[PDB]
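The chain below stands alone, shown as structure tokens; this is the form deposited in one PDB entry.
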């Protein structure tokens, strides 16, 4: 497939002019790979620091509002039931501001310098945790802000469609199409829609331009951190 480009610590100017302004995706290397989270986060570290904390957990496909659901449980309960022993069902600790809830963890991360290129102020950047077993899947969708998706534990497969291709994406903000199991009959335009893809690995940051369409499956036990900014 066509792969998202990878750059080691590109200047602020180059990032702005070649990716930010024109809305082109890119993977940034050498930027987050030495944040303390990269060496510190593990099942055991997370359980030790945050195991007792209460967090929202998704179960089900996020294609339709009616198709998924969240329940509150401790981090230990979530790891026990959905990661370790020995998951029948798929649970995802997704889209949760864990780092406002647990300021100890926020110390293990950092706000990417590139964020200073936007209009908004730093305090207004939304930082979400995405913590889950191999096999979690976020259906194709778009978000209203710029995004730096930081991979911390494990790898994700990520597929990206320009907003220029919204039409071939048979929306309902979220696509009706199962990106990895599409129905060629029900949505013909899809299969020839062009895209970029990647396997996002620890230390790596994917820049997802505002409104850019993205699909995401965790290949391993996974932990990512997104920064929604403007």
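Positions refer to the first chain, counted from 1. For clarity, a rigid core is taken as the largest C-alpha set superposing within 1.5 Å between two forms.
Absent from the display: the form deposited in another entry. The rest refers to it.
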task = Of 66, 180, 185, 44, only one moves its C-alpha by 2 angstroms or more between the shown form and the other one once the rigid core is aligned, so tell me which.
result = 66
inquiry  = At a change of 3 Å or more, would you call the C-alpha separation of residue 63 and residue 186 in that other deposited form closer or farther than in the form supplied?
reply    = farther
message = Since the Cα-Cα distance for residue 222 and residue 63 shifts by 3 angstroms or more in that other deposited form, is it a contraction (closer) or an expansion (farther)?
response = closer
